[PDB]
């Protein structure tokens, strides 16, 4: 079994924390942001689990993505975020994909998940000697900012939204795993 606790994370940046108006830094901030989304996330947990299983990705990582992208729906306007570029719980960029499903649907969660997997694949080809946990983290960074932006493992969030995208996602994911995802 893949153990996401083994993925390294320094959690959220100062910029990100300015979101729920937090004095907390890093992993503490990611954990608080995640906690704030737990009730909304539970509405989708059955779908999140099933999609994760079908695609072979930890459901807790899907939850981390959904928390970061949409605050489990709270940050969207009728399904839309990112000035309209992003659709759904996982904020699939409509400009680059034909959107499928309702904004809170299994089909949507499956689409976002498939896109993430494809990024993880690209990072695996790019850095074939990185451990699997690192290629996972790198694929998550690429989900925000593209695989070209992912170079040094230690700097993969430089140039992502908040300067912390995969670190924040991973830390939130780890929190959701502790809450049974």
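Residue numbers count along the first chain shown, from 1.
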| request: Take the C-alpha B-factors listed in the entry for 163 to 171 and for 5 to 13, compute each mean, and give the stretch with the larger one. | output: 5 to 13
| Once you work out the mean C-alpha B-factor for both 92 to 100 and 71 to 79 from the entry, which is higher? | 92 to 100
| message | If I read the C-alpha B-factors straight from the PDB entry, which of 156, 62, 39, 136 is highest? | response | 39
| said: Going by the CA temperature factor in the PDB record, which third of the chain does residue 112 belong to: lowest, middle or highest? | reply: lowest
| note | Temperature factor at the Cα of residue 52, chain-ranked in thirds, falls in the lowest
| task | Would you mind checking where the Cα B-factor of residue 141 ranks among the modelled residues of its chain, as the lowest, middle or highest third? | result | lowest
| request: Ordered by C-alpha B-factor within the chain, which third holds residue 150? Give me lowest, middle or highest, please. | output: middle
| query | In terms of the chain's CA B-factor thirds, is residue 66 lowest, middle or highest? | reply | lowest
